[PDB]
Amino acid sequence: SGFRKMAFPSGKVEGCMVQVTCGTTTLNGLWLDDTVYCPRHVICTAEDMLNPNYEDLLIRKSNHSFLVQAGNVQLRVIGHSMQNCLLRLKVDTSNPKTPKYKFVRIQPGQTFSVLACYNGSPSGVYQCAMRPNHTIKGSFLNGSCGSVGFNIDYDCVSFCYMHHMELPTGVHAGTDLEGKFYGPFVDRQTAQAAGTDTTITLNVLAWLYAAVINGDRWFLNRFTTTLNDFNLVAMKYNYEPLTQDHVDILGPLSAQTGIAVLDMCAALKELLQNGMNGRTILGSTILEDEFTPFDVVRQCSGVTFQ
C-alpha cells in the first residue's frame, strides 16, 4: 500500500553523465557508445545567447575546442556535428557503462524521471510530467543544462528529455535526444513564455483508479455521464477534453476495479463541482495529474483492496 511520486532507479543513467566545456562554458553531457550529446548553447558566450547563429558559431570550433570529462578521465573529441539543438561529439572511447537504450519523443501528459546533474555529477532524481504546454515543472539551477529525462522498461533506458532552459515563470524547457524542442521554444534570448496550461484529465482519472485499488471509494457516486456532458464541465475547470482514445486506455484499470470509465467521469465531475469537502484522496487535498495509467499499473497492487 501507499502511493508516491516514484522515479526509475537512476544508476543506468548516472554511468552516462559527463561534463562538456567549450571555453569558459561548462554543462552536462550524455555519453553513450562513442558519442557525447549536449545542448548546442555550450558553444555560446553570454552575449551570443542574445542572437546566436549556431552554424556560424560552430564552424569556428575544432574538435579540440571541446573538453569532455568523465569522472577524473579526460575523453578526447575526434569529431563533432550539430543535430537540431544538440551537439554530437565523437570521442576516442566507447562508454563501458552504456546501457541498452533508445531515444523516444514523449507526448504531452506522459511522465519521466529526471536526473538533475551539475558539472557532470548527478545530484538528484525526481519524476516530471510533460505538461500540455510542453514545459516541465522541474527543479533546476544554473549548471543543470544537459541533465536528462528517461523511462526504463526491462533494463532498456528510453531517453526522452535533455534540459536547455528555464522560462520566466520558473518552469523548464528542453529537447528530445534528436535535439528537437518540446513546444515552440528556441535556444536564444527572446520574449518567449510558457503558454496557457491545462489539467491532464486522463492522469486524474488514472489516479482516482489508484485510490480505489488502494481501497478508497468515498468520492464515487450513483451517476454516469456522456463524454460530451463531461467535456462541457471539463472546459469550465480548464481540464483537457476527454476522448474515446482516453476511455479505451483506462480499460484495464476499469476492469481491475469494476468501475466503468464514464462512472469514474461522473465521480470526477462531482469532485470538480463540489470540491473535496476537506477530504483527501491518497493523502492529497487536490486532484493529482502527474500519474499516467501506466504509472498506476506499475506502482499499485494487481489485487484491488475490495
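Throughout, rigid core stands for the largest set of C-alpha atoms superposing within 1.5 Å between the two forms. Residue positions are given as counts along the sequence shown, with the first one as 1.
Once the structures in 9 other deposited structures of this protein are superposed via the core, the pair 184 to 192 and 102 to 110 is resolved in favour of 184 to 192 as the more displaced stretch (C-alpha RMS). For the pair 236 to 244 and 66 to 74, the mean B factor over Cα atoms is greater in 66 to 74. Per-stretch averaging of Cα B factors for 90 to 98 and 209 to 217 places 90 to 98 on top. For the set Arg222, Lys137, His134, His164, the PDB entry assigns the largest Cα B-factor to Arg222.
Of all the options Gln127, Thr175, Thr199, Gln192, the entry's greatest CA B-factor is assigned to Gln192. When the modelled residues of the chain are ordered by C-alpha B-factor, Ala260 sits in the highest third. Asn51 sits in the highest third of its chain by CA B factor, as recorded in the PDB entry.
Remark: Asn28 belongs to the lowest third of its chain, ranked by C-alpha B-factor as recorded. Among the modelled residues of its chain, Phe159 has a C-alpha B-factor that falls in the middle third according to the deposited record. In this PDB entry, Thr169 carries a Cα temperature factor that places it within the middle third of its chain's modelled residues.
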